[PDB]
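Just so we're on the same page: letters track the sequence lines, and every chain starts at 1. Computation of the quantities below employed the complete heavy-atom set of this structure, encompassing side-chain atoms and omitting hydrogens, waters and symmetry-equivalent molecules.
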Amino acid sequence: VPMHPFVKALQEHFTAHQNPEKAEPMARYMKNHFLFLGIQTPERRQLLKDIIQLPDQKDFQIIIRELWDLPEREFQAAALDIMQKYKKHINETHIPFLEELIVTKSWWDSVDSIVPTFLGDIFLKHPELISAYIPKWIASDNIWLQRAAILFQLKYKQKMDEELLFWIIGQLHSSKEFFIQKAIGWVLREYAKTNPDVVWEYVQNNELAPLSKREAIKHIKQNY
DNA sequence: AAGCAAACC
DNA sequence: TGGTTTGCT
């Protein structure tokens, strides 16, 4: 049961506007890993906006954590919306907190919302800290930390550390896991928008699961 | 923005 | 495999 007044209010307000009809397909979409209230993003953003109508920064981790502990998935989605409002106060001291969010209530919807934006931004400012986390994540056999290691650079474009990217991919290319094979294909395809020749050379000369290779070269294969 | 792509099956 | 739904940048 949440103790922070803001979370209490959000819980009451979301619950007051739940839609059981929508809840069922939303839950099915996430392979029924989570309960849903049945509130999609536009309404969920409006309901969050109602409650803002913003707690001191000292509270933001407590608020996020309490929301993460609530059963229905919309509360974790709201928590990420809230974390965005504290963007300027998030720094390298918060990486362990982000780790906790990644490995708790884990699924692609939360992890993909955490990793390329919040972790991506942190490691851009603190690239000398990557070696303290990325190898650990690779060795963890937690697929969501592994996906984090792959996707934190997803939006980097010209800022991509190519050698690092390819090393990470090499470490994880033999994973049987769909979410890892797919993340590899995704990040390669995305980076190929920036540096297509380098991605082509990588996939032509380094082993990848067929899913990963196909997804990587989806848009550039017609150029070679 | 709308061009894109995560899921889903 | 590739069409559908939803949401991000």
Side-chain angles (χ1 to χ4, degrees), chain A residues 14 17-49 67 72-88 90 98 101-103 105-124 142-160 165 168-169 172 175-196 199 203 208-223:
Chain A
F14 278 24
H17 291 275
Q18 72 188 116
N19 188 356
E21 275 84 8
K22 289 193 184 191
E24 195 182 344
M26 290 177 76
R28 206 148 52 234
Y29 188 60
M30 298 307 179
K31 302 298 268 288
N32 285 102
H33 289 299
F34 315 104
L35 297 181
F36 276 77
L37 295 171
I39 307 175
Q40 303 189 290
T41 294
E43 183 179 15
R44 198 199 67 241
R45 298 234 157 102
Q46 183 56 63
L47 296 170
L48 173 57
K49 191 179 180 182
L67 287 169
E72 297 84 15
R73 192 50 160 181
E74 290 95 341
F75 293 114
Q76 286 95 64
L80 295 184
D81 288 343
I82 285 159
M83 198 162 66
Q84 183 58 36
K85 299 176 182 298
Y86 292 96
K87 187 62 166 166
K88 292 175 181 175
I90 299 174
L98 299 176
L101 298 185
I102 289 167
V103 295
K105 302 280 179 91
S106 303
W107 204 235
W108 60 266
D109 55 325
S110 61
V111 170
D112 293 353
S113 288
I114 291 161
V115 166
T117 46
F118 297 98
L119 281 177
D121 283 356
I122 289 169
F123 285 132
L124 277 178
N142 180 288
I143 63 173
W144 301 107
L145 292 172
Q146 290 178 337
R147 184 154 163 131
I150 296 167
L151 295 181
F152 80 95
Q153 306 195 87
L154 178 68
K155 303 170 51 183
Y156 277 14
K157 298 179 180 184
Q158 74 279 359
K159 304 174 190 179
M160 178 75 70
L165 179 69
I168 296 173
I169 286 174
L172 294 167
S175 175
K176 74 189 182 188
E177 297 286 340
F178 170 83
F179 285 118
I180 300 307
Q181 297 183 6
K182 183 57 173 298
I184 289 171
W186 188 7
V187 75
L188 284 174
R189 195 196 320 107
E190 191 65 15
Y191 186 44
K193 298 179 176 177
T194 295
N195 210 347
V199 173
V203 306
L208 290 173
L211 174 61
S212 301
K213 182 178 176 171
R214 191 193 73 236
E215 290 288 346
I217 67 173
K218 194 166 176 175
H219 296 332
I220 64 173
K221 62 193 178 72
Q222 78 286 346
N223 298 326

Name the closest nucleotide to the A:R189 side chain, picking from C:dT9, B:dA5, C:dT5.
-> B:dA5

Under 4.0 angstrom between A:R147 side-chain N/O and B:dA7 OP1 or OP2 = yes

Given C:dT9, B:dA7, B:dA5, the nucleotide with the shortest approach to the side chain of A:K182 = B:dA7

Which part of the nucleic acid, if any, lies within reach of A:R214 when heavy atoms closer than 4.0 Å are counted: base, sugar-phosphate only, or nothing?
-> nothing

Return the value, rounded to whole Å, for the distance between atom NZ of A:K155 and atom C1' of B:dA5.
-> 14 Å

Could you state the atom-to-atom distance from CD of A:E215 to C1' of C:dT1 in whole Å?
-> 11 Å

Among the nucleotides C:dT9, C:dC8, B:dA7, which one has an atom lying closest to any side-chain atom of A:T41?
-> C:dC8

Determine: side-chain N/O of A:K31 to OP1/OP2 of B:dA7, distance under 4.0 Å, yes or no.
-> no

Rounded interatomic separation in angstrom, taking CD from A:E24 and P from B:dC8 | 17 Å

Matching residue for A:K213 among A:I184, A:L188, A:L208 - test: side chain to side chain contact (heavy atoms under 4.5 Å, CB included) = A:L208

Please check the phosphate of C:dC8 (OP1 and OP2 only) for any side-chain N or O of A:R45 closer than 4.0 Å.
-> yes

Quick one: do A:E43 and A:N19 satisfy side chain to side chain contact (heavy atoms under 4.5 Å, CB included)? Show the steps, please.
-> CA-CA 11 Å; A:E43 183 179 15; A:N19 188 356; 5.9 Å; no

How about A:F179 and A:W186: are their ring centroids closer than 6.0 Å?
-> no

Which is true for A:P42 with a 4.0 Å heavy-atom rule: it touches a base, it touches only sugar-phosphate, or it touches nothing?
-> sugar-phosphate

Would you mind reading off the distance between A:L154 atom CG and C:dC8 atom P, rounded to a whole angstrom?
-> 14 Å

Pucker class of B:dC8, from the sign of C1'-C2'-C3'-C4' = north

In whole Å, what is the span from the CZ atom of A:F179 to the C1' atom of B:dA5?
-> 14 Å

Between A:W108 and A:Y29, is the gap from one ring center to the other below 6.0 Å?
-> yes

Does a side-chain heavy-atom distance below 4.5 Å link A:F14 with A:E72?
-> no

Is the number of heavy atoms from other residues, nucleotides or ligands under 6.0 Å of A:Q46 CD greater than 12?
-> yes

Rounded interatomic separation in angstrom, taking CG from A:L211 and P from B:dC8 | 12 Å

Measure the distance from CH2 on A:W107 to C1' on B:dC8 and round it to the nearest whole Å.
-> 11 Å

Go through B:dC8, B:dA5, C:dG7 for me and flag the one nearest to the A:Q40 side chain.
-> C:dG7

Extract from the structure each pairing of a protein N or O with an N or O of nucleotides 1-4 of chain B at less than 3.5 Å, listing the distance.
| residue | atom | partner | partner atom | Å |
| --- | --- | --- | --- | --- |
| B:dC4 | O3' | A:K193 | NZ | 3.1 |

d(CG, A:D121; P, C:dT9) in whole Å = 10 Å

Decide yes or no for A:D109 and A:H33: does some side-chain heavy atom of the first lie under 4.5 Å from some side-chain heavy atom of the second?
-> no

